[PDB]
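Working notes, beginning with the structure itself.
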Amino acid sequence: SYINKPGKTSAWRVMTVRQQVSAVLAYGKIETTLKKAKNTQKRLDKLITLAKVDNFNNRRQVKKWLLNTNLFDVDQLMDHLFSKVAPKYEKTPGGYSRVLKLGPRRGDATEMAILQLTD
Amino acid sequence: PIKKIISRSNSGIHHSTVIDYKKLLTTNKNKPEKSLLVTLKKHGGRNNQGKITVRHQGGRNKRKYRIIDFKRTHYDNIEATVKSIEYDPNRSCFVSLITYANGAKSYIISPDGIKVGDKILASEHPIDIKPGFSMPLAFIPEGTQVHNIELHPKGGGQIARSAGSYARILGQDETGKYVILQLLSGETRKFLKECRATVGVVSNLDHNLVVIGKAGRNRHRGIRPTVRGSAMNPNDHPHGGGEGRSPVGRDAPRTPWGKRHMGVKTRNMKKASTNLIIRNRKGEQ
Amino acid sequence: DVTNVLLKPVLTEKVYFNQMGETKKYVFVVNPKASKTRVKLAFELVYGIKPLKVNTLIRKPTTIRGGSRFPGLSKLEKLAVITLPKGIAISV
Amino acid sequence: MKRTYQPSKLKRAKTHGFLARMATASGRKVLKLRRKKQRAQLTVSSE
RNA sequence: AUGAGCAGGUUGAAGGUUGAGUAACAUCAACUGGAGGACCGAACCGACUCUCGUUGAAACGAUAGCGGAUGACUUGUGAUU
RNA sequence: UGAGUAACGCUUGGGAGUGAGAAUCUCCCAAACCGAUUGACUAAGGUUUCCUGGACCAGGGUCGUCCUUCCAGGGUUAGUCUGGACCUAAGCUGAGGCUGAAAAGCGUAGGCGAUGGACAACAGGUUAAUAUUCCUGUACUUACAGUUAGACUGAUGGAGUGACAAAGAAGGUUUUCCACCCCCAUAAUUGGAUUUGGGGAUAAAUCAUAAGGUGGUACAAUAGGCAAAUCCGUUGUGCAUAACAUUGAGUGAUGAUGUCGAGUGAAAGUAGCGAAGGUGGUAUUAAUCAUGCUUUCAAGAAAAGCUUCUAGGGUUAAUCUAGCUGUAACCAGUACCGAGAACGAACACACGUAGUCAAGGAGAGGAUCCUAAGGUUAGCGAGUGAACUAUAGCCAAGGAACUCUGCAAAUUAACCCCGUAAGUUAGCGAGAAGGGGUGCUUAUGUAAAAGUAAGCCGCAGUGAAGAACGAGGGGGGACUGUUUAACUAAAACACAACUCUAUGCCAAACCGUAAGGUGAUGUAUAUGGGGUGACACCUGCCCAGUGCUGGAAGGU
Ligand SMILES: [Mg+2]
Ligand SMILES: [Mg+2]
Ligand SMILES: [Mg+2]
Ligand SMILES: [Mg+2]
Ligand SMILES: [Mg+2]
Ligand SMILES: [Mg+2]
Ligand SMILES: [Mg+2]
Ligand SMILES: [Mg+2]
Ligand SMILES: [Mg+2]
C-alpha cells in the first residue's frame, strides 16, 4: 500500500511525553494508557530530580520540557513546581511517582493506568 | 513589392515574406469607413444542413466585408475621386475609396497605378482610356488591359478581377455583336458589346510571390489541414490500406469519392456558353 | 377585490420580534398567483389602513414527512409582510 | 476524471422537454407510447 | 457566436533618428525600438519512465521525475453535424 | 464454507462536564497539518442538506449521549442586485411560398434566442437562521398628473455615435511601501535590559476644482443620404501654432456632533464605555485615467439606446425643457453546500469542475521553507518493533563488472565575475566546454544597494528547502505541433514549399431525391483533387499493355 499516516514518529513520542508531564505536574493525576504511563514516568522522575536545586540552569533545563495547561501557564507552572512540588520530595531517593492499573477500557480493551505522585 | 521577415526565433527557420503594405497603401493604420461595412458570417466549409461539403476550410479570422460597387451603374457620366487605397481582407486585390462629387462614397477595385487625388469615371458613351474608367467593350480600342469585366449586361463585374489579372481586346467577331476577349489563362471568349469593362490591370501584382512561412500563418488565413489518401484507411478513401507506403493501386488516381480524376474532361458542353468560346486553354471549342 | 387573497396569518417568533418595533410589520399568506398591488389593495379594503410597503417571498415546496412509507411534498405558499406607519397598529 | 453526465438544467429541459417532444412526429409518437404505458414521469419536465 | 485566462524573469529582431563614408549608393558605429508557431519556470494543459495498486482509494490513479507554457494555445456558456 | 481471515479508504494528549454507559459528545488548554489554501465571495449544479429542541430501529466501515440520518417546530423580505417587462449574434422557429409518394425538408417577412450591449444605492447595524433586500443616515432614477416660467415641437423614417483586434512601451494621480509623530496597555526575580506589543480608516451622491487624453475649427454653395431636409456627406475660404466641442482618473468641501475603531468590560468576552483617528519622502509595487497611445498583419460583432434631422403635426395651443406639490414603481431568484462528507464520480469514494479576494520574512515571484487572518482532527483504536512488503534515510574499498540496454537511482543545481571550440541557412551552436566567489563584524561604499579593504568563526558558509549532468560519432524526420481517452506519442499524420490535373461563373467538386446551400457575397496571382514534403543539387530510358486526351473516312 501507499499513502499512509505519519504515525508514531519519534517526535510524536517525545511531544506526548512533554504534554503528559505538564499535565501531571499541573493537576497531580493522569488517567492514560499503561504503556504510555510507564514511558512518561521516566521523564517525570528526571525532571523532579533535576528541579531540587533551583539555580537558573535548572530553570532553563526544565523549560525545555514543560507546556502550558488550562490550570497553569508554563511560567506559572515552573513556579508551582519549584515552590511546592520539588521541595516536598527533596529527601526521597527516587520513587517520585506511581502507576497503578485500572480496568480495561470499553472502546479498545486497552489497559488504562493512573499516574500520580505522593509522598 | 515584397518584403522579407527576418524572424530570429530559434525554432526552425522560415524565410517568410509579406507584401510591404506601406509603400503601396495610404495610411496603413486601419480606419475603414463605417457606412460600408457588413460583417461576414464564416460558414466554415459547412452547409445549411450542417454537414461538411468542402473539406479543410475553417478557422479563419473575423473579417468585415466592404460593399463593393461591382456594378458601377447608379452613377453615370459623373466624376469621382480616389481617396484611399485600403486593404480589404476578403479579396487579394486592393480596394479604393472613391467619392462622387455629389458627395457619395463607394469602394471599388484599384487598377494598378492610380493614386490619391486621381479622377475616375463611369458612363455609357465613349470616354477617355485612363485607368479606373468604365465603359462598354465596343468602345475600348483593341489592345488595352481590361479588368472587372462582366458576362451579362448590367450585371456587374464578375470576370477577371483578381490580384494582378487582366484581359485583352482582340477586335470583334463576324456577327456585329460579340467583341472578342483574350482572357487570362489562354482562353478566348466572346463578350457581348453591351458589356461594361474597366481598363487597367488589377493592383497588387506581387501576391503570387508572398510566401506563407509557418503553418500557423496559413491556418489563420482560413486553410485547415489536408490529409493525403494514402494515409487513409481503405475505408473513407479509395487510396487507403496497404501494409506500409503502398502506391496508387487502381489504374488511375481517384478522388475521395469514387470518381475517376486525372485530366478527365468535366465541363458540361451542353451549355449555352459553349458557342461564346473560341478556345478552351488548349484547343478548339 | 374578492379578498380571497388573504388566506391566513402566520404567528412565529420572528414575526413577534419584528412586530413589537415601531413600524409594526404584520405578515400574511396570500394566493400563490397574487401580486403586491392586489395584496395592498385587498388590505386597504379589508381593514382600512393604506399600507406603506409590501414585501413578498415564496417558500418553494420540499420533501415532507421524510421516510414514513408514504413520503410527501410540502405546500407552495407566498408570504407577504405588510408595513404600517409609525403610530398605528391593528389586530386580526 | 470528467464523467459522462455534466448537468445543466437549461440544456436538459430544451432537449428532452415537453415543448421539445410536442413539435415533431416522432415526439408525438413517444408521448403516445408513454401515455399508453402510463408513466407517472411522462417527460423530464416534471421532476 | 460570445467571453475569460497565461505569476515572474531574460534574449534584444525588422524598422527609425544621428555621425562617418559614398560623386550619390552600398557599408559601418552609437542611440532608439521591442518582434518572435523565441528562451528558463509556477498556476494551466498534456501524459514520456520507473515503483506501487491491479476483488484497487480510483471501471485508468498517487508520490517522484517529465514536454509545451503569446500560441496551429487553454477554458467556460449557447447553438449545430 | 473461505472466516471471525483480508479490509476498516492521510492526524494527537489531557483536564472538567454530561450520561446507566465515553478514546469517539460539549467546554477548556495544548499539539499537529493547510496557508496561491483544508482560508473568504459567488456562478454552475444539487434541492431543505440551513437554525433551534428532541431521538438513537436502520445508514455512519468501530462506538456514540452524536451525525450533513430521523422526528416536531422554524428561515429565505428589493424601484437601484441576477434575469423578465429593452436589445440583438451564432442559431432556432416560420404566415404566405418552394420542393417532396406520405410524414416531413428548405425558406422570406415577423418572433424568439446570452455567454454579450444599454439601465438608478452607498456605509453601518440587527436575528439562532435573511440581508446593497429589513432598520438607521444620506442619495439617485423612470413614469404620472396639477402648477410657475421659457420655448414651436420635430418620428414607425435618414444620418452620427454605440462600435470593439493582438502585442508592447511610457507617462499623470492616488495607493502599497519607507521615515517621523500623536495614542493605548506594558516596566517584567531565570543572568541581564533604560523597553516590548498593538492600532493610526471613514462610502455612493451633491457643489466647486480637476493634471492630463481625444479631434481642426467657423462661414457659403449644394446635383447624394428610396420623399424631406437647417443634420450627415461633398467642394471652396479664413483663422491657424489655440480657440471651440467632448471626455476625464484624482483633489477639496458636505455626507460626518454620525458609524467604525485598539482595548476595557457588568449581567457570555456578549451588552454598554469607547483615546489617536496624523505628517513628509517615495530611484520600489499593483490600480485607475484607458473603449488612451504606438506598432504590426492573420485587418479585428449586430441591433436597441443617446444626440440630431426634416416630414408629419400644432396657434386660437399641442409638445418639450427647468423648478415646486403630490402619487406609483410589477414578475421569478435571494436559505445552505460550492467539495479528502451536500455538485458529476453507484458512497461520508485519495478524481474531476468557470471566475473573484490572495497578508509577513529571504526571494525575480502566485516558486521554495516557516508563520498570520481564519480553518481541520482526515469517523476504528491500543501494542510489539519477527520474517516479509512499500516508503524514506545510510552504507566502507571498488565504481557499470549486474543488465536486454547506465531502466531506476546518484552528481551538477539560484545569484555574481572570467572564458567558451568544431560546424552552419550566418539567426544559432551556448546556460556550450571549463573555472572561481558566496557566511558574520568594522570602515569605505552611492541616494538605497551590489561592490571594495581589513578582521573573525566553522569540517563545511545560495550552511536548511526549491532550482541544468556533460562531451563525441551515426540512422530517421526538416523544425514548433497532432494522434491510437483506458497498454503503441513514433521513424506515422500534419506542415512551409514543389509539381500535375480539373475548373470561364447558374463555375468544377460536394450534401440533398429535389427545392435549397457550401464553393463564394469568391473569379484562373482564384477554387477543388491526386502525389511528394523546409533548404541546396538532381529528377535518366520505355507510350508495346492499362488509363487519359484528341481524331476523322471506314468496320461491328
Ligand atoms: Mg487463513
Ligand atoms: Mg494473516
Ligand atoms: Mg489486518
Ligand atoms: Mg478534490
Ligand atoms: Mg475553479
Ligand atoms: Mg507567499
Ligand atoms: Mg507553496
Ligand atoms: Mg510523405
Ligand atoms: Mg521521404
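Ordering of the C-alpha cells sets the chain letters (A, B, ...); residue numbers start at 1 within each chain; ligands are numbered from 1 in the order shown.
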### Task
Let me have all residues with an atom within 10 Å of ligand 4, counting only C-alpha atoms (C1' of nucleotides) and all ligand atoms, laid out as a PyMOL selection string.
chain F and resi 339-340+350-353
### Task
Could you please extract the residues within 12 Å of ligand 5, counting only C-alpha atoms (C1' of nucleotides) and all ligand atoms, and hand them back as a ChimeraX atom specification?
/E:5,43-44,75-76 /F:42-44,338-339,352-356
Generate the output file for the selected residues, C-alpha atoms (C1' of nucleotides), as a PDB file, in the first residue's frame.
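Saved as again-v1.pdb:
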```pdb
ATOM      1  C1'   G E   5      -7.004  33.334 -18.639  1.00  0.00           C
ATOM      2  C1'   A E  43      -0.975  28.328 -11.921  1.00  0.00           C
ATOM      3  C1'   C E  44      -2.865  25.819 -16.692  1.00  0.00           C
ATOM      4  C1'   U E  75     -11.036  27.206 -20.970  1.00  0.00           C
ATOM      5  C1'   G E  76     -16.473  28.322 -19.572  1.00  0.00           C
TER       6        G E  76
ATOM      7  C1'   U F  42     -20.013  33.737  -5.802  1.00  0.00           C
ATOM      8  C1'   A F  43     -21.581  31.464 -10.831  1.00  0.00           C
ATOM      9  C1'   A F  44     -22.970  26.283 -12.464  1.00  0.00           C
ATOM     10  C1'   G F 338     -19.845  25.373  -3.502  1.00  0.00           C
ATOM     11  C1'   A F 339     -16.433  19.779  -2.269  1.00  0.00           C
ATOM     12  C1'   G F 352     -12.747  15.939 -11.611  1.00  0.00           C
ATOM     13  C1'   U F 353     -15.417  21.376 -12.017  1.00  0.00           C
ATOM     14  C1'   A F 354     -15.755  28.708 -14.673  1.00  0.00           C
ATOM     15  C1'   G F 355     -14.403  33.269 -12.430  1.00  0.00           C
ATOM     16  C1'   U F 356     -13.022  36.679  -7.942  1.00  0.00           C
TER      17        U F 356
END
```
### Message
Give me, as a ChimeraX atom specification, the residues of chain C that a backbone DSSP run labels alpha helix (DSSP H).
### Response
/C:13-19,36-46
### Shortest interatomic distance to chain D - which of F:238, F:486, F:419, F:128, counting only C-alpha atoms (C1' of nucleotides)
F:486
### Task
Excluding range 29-35 of chain D and residues on its chain fewer than 5 positions from it, collect all residues at most 12 Å away from it, counting only C-alpha atoms (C1' of nucleotides), and give them as a ChimeraX atom specification.
/D:16-24,40-44
Residues from the last selection, N, CA and C atoms, saved as a compact mmCIF listing (two decimals), in the first residue's frame:
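Wrote again.txt, looks like this:
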```txt
# COMPACT_ATOMS: atom_id res chain seq x y z
N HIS D 16 -34.96 17.29 -23.81
CA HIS D 16 -35.99 16.28 -23.59
C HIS D 16 -37.30 16.87 -23.11
N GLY D 17 -37.50 18.17 -23.24
CA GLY D 17 -38.65 18.80 -22.64
C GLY D 17 -39.93 18.52 -23.38
N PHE D 18 -41.03 18.98 -22.78
CA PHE D 18 -42.34 18.70 -23.36
C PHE D 18 -42.56 19.49 -24.64
N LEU D 19 -42.15 20.76 -24.68
CA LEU D 19 -42.27 21.50 -25.94
C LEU D 19 -41.26 21.02 -26.96
N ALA D 20 -40.23 20.30 -26.53
CA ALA D 20 -39.32 19.71 -27.49
C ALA D 20 -39.95 18.51 -28.16
N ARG D 21 -40.63 17.66 -27.39
CA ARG D 21 -41.22 16.43 -27.90
C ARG D 21 -42.57 16.64 -28.56
N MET D 22 -43.23 17.76 -28.32
CA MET D 22 -44.53 18.02 -28.91
C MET D 22 -44.41 18.89 -30.15
N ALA D 23 -43.33 18.73 -30.91
CA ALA D 23 -43.09 19.52 -32.09
C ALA D 23 -42.65 18.71 -33.29
N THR D 24 -42.39 17.42 -33.13
CA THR D 24 -42.09 16.54 -34.25
C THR D 24 -42.95 15.30 -34.15
N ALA D 40 -45.77 7.79 -14.71
CA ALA D 40 -46.05 8.94 -13.86
C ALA D 40 -45.15 10.11 -14.21
N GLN D 41 -43.90 9.82 -14.57
CA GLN D 41 -42.96 10.83 -15.05
C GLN D 41 -42.98 10.78 -16.58
N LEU D 42 -43.99 11.44 -17.15
CA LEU D 42 -44.21 11.34 -18.59
C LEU D 42 -43.01 11.84 -19.37
N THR D 43 -42.55 13.05 -19.07
CA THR D 43 -41.32 13.56 -19.66
C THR D 43 -40.41 14.04 -18.55
N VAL D 44 -39.32 14.72 -18.90
CA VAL D 44 -38.43 15.25 -17.87
C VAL D 44 -38.86 16.63 -17.40
```
Go through chain F and flag each residue having an atom no more than 10 Å from ligand 9; for those, report the closest pair of atoms plus their distance in Å to one decimal, using only C-alpha atoms (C1' of nucleotides) and all ligand atoms, ordered by chain and rising number, as a tab-separated table.
```
residue	atom	partner	partner_atom_place_in_ligand_line	distance
F:476	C1'	ligand 9	1 (Mg)	9.7
F:477	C1'	ligand 9	1 (Mg)	8.4
F:532	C1'	ligand 9	1 (Mg)	8.1
F:533	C1'	ligand 9	1 (Mg)	7.3
```
### Task
Around ligand 1, at most 12 Å away and counting only C-alpha atoms (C1' of nucleotides) and all ligand atoms, which residues are there? Put them as an MDAnalysis selection string, please.
chainID F and resid 2:6
### Task
Give as a ChimeraX atom specification every residue of chain E that touches chain A within 12 Å, counting only C-alpha atoms (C1' of nucleotides).
/E:51-54,56-57,61-63
Given the selection you just returned, output its residues as a file containing C-alpha atoms (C1' of nucleotides), formatted as a PDB file, in the first residue's frame.
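Written file, result_3.pdb:
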```
ATOM      1  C1'   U E  51       7.792   1.959  -8.438  1.00  0.00           C
ATOM      2  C1'   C E  52       3.022   0.969  -6.019  1.00  0.00           C
ATOM      3  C1'   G E  53      -2.228  -0.559  -6.624  1.00  0.00           C
ATOM      4  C1'   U E  54      -4.060  -4.293 -10.108  1.00  0.00           C
ATOM      5  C1'   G E  56      -7.647  -1.110  -6.027  1.00  0.00           C
ATOM      6  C1'   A E  57      -8.937   4.909  -2.677  1.00  0.00           C
ATOM      7  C1'   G E  61      -4.899   6.703 -10.307  1.00  0.00           C
ATOM      8  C1'   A E  62      -0.645   8.523  -6.326  1.00  0.00           C
ATOM      9  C1'   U E  63       4.407  10.238  -4.628  1.00  0.00           C
TER      10        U E  63
END
```
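Between CA of residue 83 in chain C and CA of residue 50 in chain C the separation is 9.7 Å.
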Just the residues within 8 Å of residue 79 in chain C, please, counting only C-alpha atoms (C1' of nucleotides), with nothing from its chain fewer than 3 positions along; format it as an mmCIF file with N, CA and C atoms, in the first residue's frame.
```cif
data_model
loop_
_atom_site.group_PDB
_atom_site.id
_atom_site.type_symbol
_atom_site.label_atom_id
_atom_site.label_comp_id
_atom_site.auth_asym_id
_atom_site.auth_seq_id
_atom_site.Cartn_x
_atom_site.Cartn_y
_atom_site.Cartn_z
ATOM 1 N N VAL C 27 -47.810 40.231 8.940
ATOM 2 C CA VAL C 27 -47.481 39.238 7.927
ATOM 3 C C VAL C 27 -48.729 38.427 7.625
ATOM 4 N N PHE C 28 -48.834 37.973 6.381
ATOM 5 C CA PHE C 28 -49.976 37.208 5.911
ATOM 6 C C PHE C 28 -49.470 36.215 4.884
ATOM 7 N N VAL C 29 -50.280 35.208 4.585
ATOM 8 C CA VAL C 29 -50.010 34.327 3.459
ATOM 9 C C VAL C 29 -51.107 34.547 2.429
ATOM 10 N N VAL C 30 -50.713 34.646 1.166
ATOM 11 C CA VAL C 30 -51.598 35.115 0.116
ATOM 12 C C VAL C 30 -51.642 34.080 -1.000
ATOM 13 N N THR C 56 -42.931 40.409 -0.532
ATOM 14 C CA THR C 56 -43.380 39.045 -0.757
ATOM 15 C C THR C 56 -42.192 38.122 -0.959
ATOM 16 N N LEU C 57 -42.286 36.945 -0.355
ATOM 17 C CA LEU C 57 -41.367 35.852 -0.612
ATOM 18 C C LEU C 57 -42.211 34.604 -0.774
ATOM 19 N N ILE C 58 -41.628 33.558 -1.346
ATOM 20 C CA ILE C 58 -42.343 32.302 -1.524
ATOM 21 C C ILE C 58 -41.472 31.159 -1.031
ATOM 22 N N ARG C 59 -42.086 30.217 -0.327
ATOM 23 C CA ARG C 59 -41.370 29.068 0.207
ATOM 24 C C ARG C 59 -41.591 27.885 -0.723
#
```
### Task
Within 9 Å of ligand 6, which residues show up when you count only C-alpha atoms (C1' of nucleotides) and all ligand atoms? List them as a ChimeraX atom specification, please.
/F:35-36,359-360,365-366
Hey, can you spit out that residue selection with N, CA, C and O atoms (P, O5', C5', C4', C3', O3' and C1' of nucleotides) as a PDB file, in the first residue's frame?
```pdb
ATOM      1  P     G F  35       0.414  24.918   2.248  1.00  0.00           P
ATOM      2  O5'   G F  35       0.179  26.497   2.335  1.00  0.00           O
ATOM      3  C5'   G F  35      -0.638  27.135   1.336  1.00  0.00           C
ATOM      4  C4'   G F  35      -1.306  28.335   1.957  1.00  0.00           C
ATOM      5  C3'   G F  35      -0.384  29.482   2.376  1.00  0.00           C
ATOM      6  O3'   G F  35      -0.315  30.459   1.352  1.00  0.00           O
ATOM      7  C1'   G F  35      -1.866  28.926   4.155  1.00  0.00           C
ATOM      8  P     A F  36       0.906  30.512   0.314  1.00  0.00           P
ATOM      9  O5'   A F  36       0.181  30.361  -1.091  1.00  0.00           O
ATOM     10  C5'   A F  36      -1.237  30.532  -1.213  1.00  0.00           C
ATOM     11  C4'   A F  36      -1.782  29.642  -2.301  1.00  0.00           C
ATOM     12  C3'   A F  36      -0.753  29.034  -3.245  1.00  0.00           C
ATOM     13  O3'   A F  36      -1.372  27.980  -3.980  1.00  0.00           O
ATOM     14  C1'   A F  36      -1.930  30.726  -4.370  1.00  0.00           C
ATOM     15  P     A F 359      -1.052  38.408  -0.876  1.00  0.00           P
ATOM     16  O5'   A F 359      -0.781  39.090   0.538  1.00  0.00           O
ATOM     17  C5'   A F 359      -1.583  40.173   1.012  1.00  0.00           C
ATOM     18  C4'   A F 359      -1.213  40.475   2.450  1.00  0.00           C
ATOM     19  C3'   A F 359       0.255  40.266   2.867  1.00  0.00           C
ATOM     20  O3'   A F 359       1.034  41.424   2.645  1.00  0.00           O
ATOM     21  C1'   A F 359      -1.117  39.087   4.339  1.00  0.00           C
ATOM     22  P     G F 360       2.559  41.304   2.158  1.00  0.00           P
ATOM     23  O5'   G F 360       3.350  40.824   3.472  1.00  0.00           O
ATOM     24  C5'   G F 360       3.361  41.688   4.630  1.00  0.00           C
ATOM     25  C4'   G F 360       4.177  41.031   5.712  1.00  0.00           C
ATOM     26  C3'   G F 360       5.581  40.584   5.309  1.00  0.00           C
ATOM     27  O3'   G F 360       6.490  41.677   5.335  1.00  0.00           O
ATOM     28  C1'   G F 360       4.513  38.866   6.529  1.00  0.00           C
ATOM     29  P     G F 365      10.243  39.536  -5.750  1.00  0.00           P
ATOM     30  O5'   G F 365       8.968  38.616  -5.812  1.00  0.00           O
ATOM     31  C5'   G F 365       7.881  39.009  -6.636  1.00  0.00           C
ATOM     32  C4'   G F 365       7.181  37.809  -7.235  1.00  0.00           C
ATOM     33  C3'   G F 365       6.686  36.786  -6.230  1.00  0.00           C
ATOM     34  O3'   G F 365       5.390  37.126  -5.714  1.00  0.00           O
ATOM     35  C1'   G F 365       7.858  35.704  -7.978  1.00  0.00           C
ATOM     36  P     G F 366       4.756  36.480  -4.391  1.00  0.00           P
ATOM     37  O5'   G F 366       4.007  35.168  -4.924  1.00  0.00           O
ATOM     38  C5'   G F 366       2.591  35.040  -4.672  1.00  0.00           C
ATOM     39  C4'   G F 366       2.155  33.640  -5.020  1.00  0.00           C
ATOM     40  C3'   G F 366       3.148  32.811  -5.838  1.00  0.00           C
ATOM     41  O3'   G F 366       2.823  31.434  -5.739  1.00  0.00           O
ATOM     42  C1'   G F 366       1.299  33.324  -7.178  1.00  0.00           C
TER      43        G F 366
END
```
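Atom pair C1' of residue 331 in chain F / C1' of residue 85 in chain F has a distance of 8.0 Å (rounded to one decimal).
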### Task
Report as number ranges by chain the set of chain F residues whose atoms approach chain C to within 9 Å, with distances computed over only C-alpha atoms (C1' of nucleotides).
F: 47-48, 70-71, 74, 76-78, 127, 330-331
If you keep N, CA, C and O atoms (P, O5', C5', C4', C3', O3' and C1' of nucleotides), can you produce a file of those selected residues as a PDB file, in the first residue's frame?
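Produced file selection31.pdb, reproduced below:
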```pdb
ATOM      1  P     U F  47     -32.012  17.149  -6.953  1.00  0.00           P
ATOM      2  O5'   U F  47     -32.513  17.938  -5.674  1.00  0.00           O
ATOM      3  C5'   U F  47     -31.982  17.560  -4.403  1.00  0.00           C
ATOM      4  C4'   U F  47     -32.280  18.626  -3.376  1.00  0.00           C
ATOM      5  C3'   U F  47     -33.759  18.757  -3.035  1.00  0.00           C
ATOM      6  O3'   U F  47     -33.844  19.019  -1.644  1.00  0.00           O
ATOM      7  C1'   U F  47     -32.949  20.794  -3.874  1.00  0.00           C
ATOM      8  P     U F  48     -34.798  18.184  -0.756  1.00  0.00           P
ATOM      9  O5'   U F  48     -34.663  18.924   0.639  1.00  0.00           O
ATOM     10  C5'   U F  48     -33.404  18.806   1.278  1.00  0.00           C
ATOM     11  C4'   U F  48     -33.295  19.671   2.493  1.00  0.00           C
ATOM     12  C3'   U F  48     -34.506  19.716   3.392  1.00  0.00           C
ATOM     13  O3'   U F  48     -34.127  19.796   4.758  1.00  0.00           O
ATOM     14  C1'   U F  48     -34.017  21.867   2.630  1.00  0.00           C
ATOM     15  P     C F  70     -33.252  11.953   6.643  1.00  0.00           P
ATOM     16  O5'   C F  70     -33.884  11.545   8.049  1.00  0.00           O
ATOM     17  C5'   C F  70     -34.383  10.235   8.164  1.00  0.00           C
ATOM     18  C4'   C F  70     -35.024  10.016   9.517  1.00  0.00           C
ATOM     19  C3'   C F  70     -36.049  11.044   9.962  1.00  0.00           C
ATOM     20  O3'   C F  70     -37.320  10.813   9.367  1.00  0.00           O
ATOM     21  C1'   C F  70     -34.616  10.559  11.756  1.00  0.00           C
ATOM     22  P     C F  71     -38.323  12.005   9.109  1.00  0.00           P
ATOM     23  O5'   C F  71     -38.779  12.447  10.555  1.00  0.00           O
ATOM     24  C5'   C F  71     -39.536  11.543  11.329  1.00  0.00           C
ATOM     25  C4'   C F  71     -39.931  12.197  12.626  1.00  0.00           C
ATOM     26  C3'   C F  71     -40.499  13.619  12.598  1.00  0.00           C
ATOM     27  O3'   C F  71     -41.875  13.698  12.244  1.00  0.00           O
ATOM     28  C1'   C F  71     -38.887  13.456  14.285  1.00  0.00           C
ATOM     29  P     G F  74     -44.225  25.967  12.332  1.00  0.00           P
ATOM     30  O5'   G F  74     -42.795  26.563  11.969  1.00  0.00           O
ATOM     31  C5'   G F  74     -42.541  27.923  12.278  1.00  0.00           C
ATOM     32  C4'   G F  74     -41.069  28.175  12.506  1.00  0.00           C
ATOM     33  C3'   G F  74     -40.373  28.963  11.433  1.00  0.00           C
ATOM     34  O3'   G F  74     -40.652  30.357  11.543  1.00  0.00           O
ATOM     35  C1'   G F  74     -38.962  27.176  12.102  1.00  0.00           C
ATOM     36  P     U F  76     -38.527  34.374   6.492  1.00  0.00           P
ATOM     37  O5'   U F  76     -37.529  34.094   5.305  1.00  0.00           O
ATOM     38  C5'   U F  76     -36.402  34.913   5.369  1.00  0.00           C
ATOM     39  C4'   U F  76     -35.511  34.649   4.205  1.00  0.00           C
ATOM     40  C3'   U F  76     -35.942  35.243   2.849  1.00  0.00           C
ATOM     41  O3'   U F  76     -34.742  35.775   2.311  1.00  0.00           O
ATOM     42  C1'   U F  76     -35.303  32.988   2.629  1.00  0.00           C
ATOM     43  P     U F  77     -34.537  37.255   1.759  1.00  0.00           P
ATOM     44  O5'   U F  77     -35.947  37.934   1.698  1.00  0.00           O
ATOM     45  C5'   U F  77     -36.735  37.901   0.556  1.00  0.00           C
ATOM     46  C4'   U F  77     -37.907  38.830   0.871  1.00  0.00           C
ATOM     47  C3'   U F  77     -37.653  40.309   0.588  1.00  0.00           C
ATOM     48  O3'   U F  77     -38.868  40.850   0.051  1.00  0.00           O
ATOM     49  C1'   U F  77     -38.448  40.051   2.840  1.00  0.00           C
ATOM     50  P     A F  78     -39.099  41.164  -1.486  1.00  0.00           P
ATOM     51  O5'   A F  78     -38.336  42.527  -1.632  1.00  0.00           O
ATOM     52  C5'   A F  78     -38.702  43.482  -2.623  1.00  0.00           C
ATOM     53  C4'   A F  78     -37.796  44.678  -2.492  1.00  0.00           C
ATOM     54  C3'   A F  78     -37.625  45.483  -3.774  1.00  0.00           C
ATOM     55  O3'   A F  78     -37.287  46.839  -3.434  1.00  0.00           O
ATOM     56  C1'   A F  78     -35.596  44.531  -3.205  1.00  0.00           C
ATOM     57  P     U F 127     -28.222  40.724  17.340  1.00  0.00           P
ATOM     58  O5'   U F 127     -29.312  39.736  16.756  1.00  0.00           O
ATOM     59  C5'   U F 127     -30.667  39.862  17.180  1.00  0.00           C
ATOM     60  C4'   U F 127     -31.511  38.803  16.520  1.00  0.00           C
ATOM     61  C3'   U F 127     -30.975  37.366  16.536  1.00  0.00           C
ATOM     62  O3'   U F 127     -31.288  36.713  17.758  1.00  0.00           O
ATOM     63  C1'   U F 127     -31.728  37.911  14.378  1.00  0.00           C
ATOM     64  P     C F 330     -42.918  47.174  -7.076  1.00  0.00           P
ATOM     65  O5'   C F 330     -43.881  46.028  -7.599  1.00  0.00           O
ATOM     66  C5'   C F 330     -45.173  46.354  -8.073  1.00  0.00           C
ATOM     67  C4'   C F 330     -45.604  45.389  -9.170  1.00  0.00           C
ATOM     68  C3'   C F 330     -44.970  44.000  -9.201  1.00  0.00           C
ATOM     69  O3'   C F 330     -45.679  43.081  -8.380  1.00  0.00           O
ATOM     70  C1'   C F 330     -44.824  44.952 -11.352  1.00  0.00           C
ATOM     71  P     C F 331     -44.951  41.792  -7.791  1.00  0.00           P
ATOM     72  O5'   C F 331     -44.558  40.936  -9.078  1.00  0.00           O
ATOM     73  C5'   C F 331     -45.558  40.220  -9.817  1.00  0.00           C
ATOM     74  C4'   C F 331     -44.916  39.232 -10.747  1.00  0.00           C
ATOM     75  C3'   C F 331     -43.846  38.350 -10.124  1.00  0.00           C
ATOM     76  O3'   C F 331     -44.389  37.183  -9.513  1.00  0.00           O
ATOM     77  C1'   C F 331     -42.995  39.280 -12.097  1.00  0.00           C
TER      78        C F 331
END
```
#### Entry: All residues 12 Å or closer to residue 40 in chain E, only C-alpha atoms (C1' of nucleotides), same chain fewer than 6 positions away omitted, as a VMD selection string
(chain E and resid 8 to 11 69) or (chain F and resid 431 467 to 468)
#### Entry: chain A contacts on chain F, only C-alpha atoms (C1' of nucleotides), 10 Å, as a PyMOL selection string
chain F and resi 10-15+21-24+28-32+62-63+190-191+350+378+380-383+389-391
